[PDB]
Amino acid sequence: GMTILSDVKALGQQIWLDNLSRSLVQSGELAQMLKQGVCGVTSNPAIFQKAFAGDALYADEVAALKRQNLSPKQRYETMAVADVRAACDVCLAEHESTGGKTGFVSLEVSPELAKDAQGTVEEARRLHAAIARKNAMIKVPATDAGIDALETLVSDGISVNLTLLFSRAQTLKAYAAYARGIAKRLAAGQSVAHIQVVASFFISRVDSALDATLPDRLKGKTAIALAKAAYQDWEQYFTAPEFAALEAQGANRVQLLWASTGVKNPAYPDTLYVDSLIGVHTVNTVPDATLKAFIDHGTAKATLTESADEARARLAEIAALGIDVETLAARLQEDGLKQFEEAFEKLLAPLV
């Protein structure tokens, strides 16, 4: 039942909605979610493509914007920034109530910037200013250029959702970049206590890539095993003396955020990923059908740290089979970028 969201909060995990649209906010639905236990919102270009195509409240806004001398991208950004502003306003009471730890809304930069660190910084600073809300996160793909940009943006005091992570190694590189940016601010006497970063580590796409060729004892296990190992890495990195010296001065840890947590394979229970990944100081962003499945028949238990030995043993067998999860991660990141660019070009066409 609905109280499960609060039960998961008591276990230390925030549940965010992996959807955004003009009607979600305007209808009052988001506000009612923010009072039932939902704690934030994520978007991406595919989410906006679907929203723009299906939500009747965009029609008048597009007609208005087509009367102005604007590029398709600016028309999109005006629409998306307006949705994000409005959602931030709905989430602001939640955000302020925790000292700025919850109640975030994320907006992703253009996919074409993913390998351009300077361009990413420029667009992220611009979108941060355009939204003009303390609870907005700018969402940046975790390419090498994105990790470069993360350090700069953190040093600028901007909260970031670093996305398209599939790799434990790349996630550790992101933590190090974050820490460098925090250290910069502390050295300059600048605030750090409101800077929040999440590392959006993708789940279902790993199983989708591998399961058809895995042996039976591993089908549907790899993504969860990776996530459990990533969380062990997180505990080690953020408790170490190096980070503790920053946390003592007000720095926040990065948090892992489980993304792509809708189940794609009908052979697995629809709550598999949510049920399996609950642990303290994490986030899980879910699509609306998964949110409703979890409310209906999910389970709130601290599963993320259970049986880490088995997770390791499974990852050892994945390697034994010749699957290099680092090569896989790079391929999944590049393919996610291609898919997001396709979605973005698809949403821009009707805005010409």
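In this text, residue numbers run from 1 along the sequence as written.
Participant: If you average the Cα B factors in the entry, which is higher, 208-216 or 73-81?
Facilitator: In the deposited entry, the stretch with the higher C-alpha B-factor mean is 208-216.
Participant: 92-100 versus 163-171: which one carries the higher mean Cα B factor per the record?
Facilitator: Of 92-100 and 163-171, the stretch with the higher C-alpha B-factor average is 92-100.
Participant: Pick out which of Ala188, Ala199, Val274, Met137 has the highest C-alpha B-factor in the PDB entry.
Facilitator: By C-alpha B-factor in the record, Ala188 ranks first.
Participant: Choose from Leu34, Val283, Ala308, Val41 the residue with the greatest Cα B-factor as stated in the PDB record.
Facilitator: Top of the list by C-alpha B-factor: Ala308.
Participant: Comparing against every modelled residue in the chain, figure out the third that the C-alpha B-factor of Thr290 lands in (lowest, middle or highest).
Facilitator: Lowest third.
Participant: For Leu332, does the deposited CA B-factor place it in the lowest, middle or highest third of the chain?
Facilitator: According to the entry, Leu332 has a C-alpha B-factor in the chain's lowest third.
Participant: Where does the C-alpha B-factor of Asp18 rank in its chain, lowest, middle or highest third?
Facilitator: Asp18: CA B-factor falls in the lowest third of its chain.
Participant: Tell me, lowest, middle or highest third: where does the Cα B factor of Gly262 rank within its chain?
Facilitator: Answer is lowest: the recorded C-alpha B-factor places it there.
Participant: Name the third of the chain's ranked CA B-factors that contains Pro241, choosing lowest, middle or highest.
Facilitator: Its C-alpha B-factor belongs to the highest third of this chain's values.
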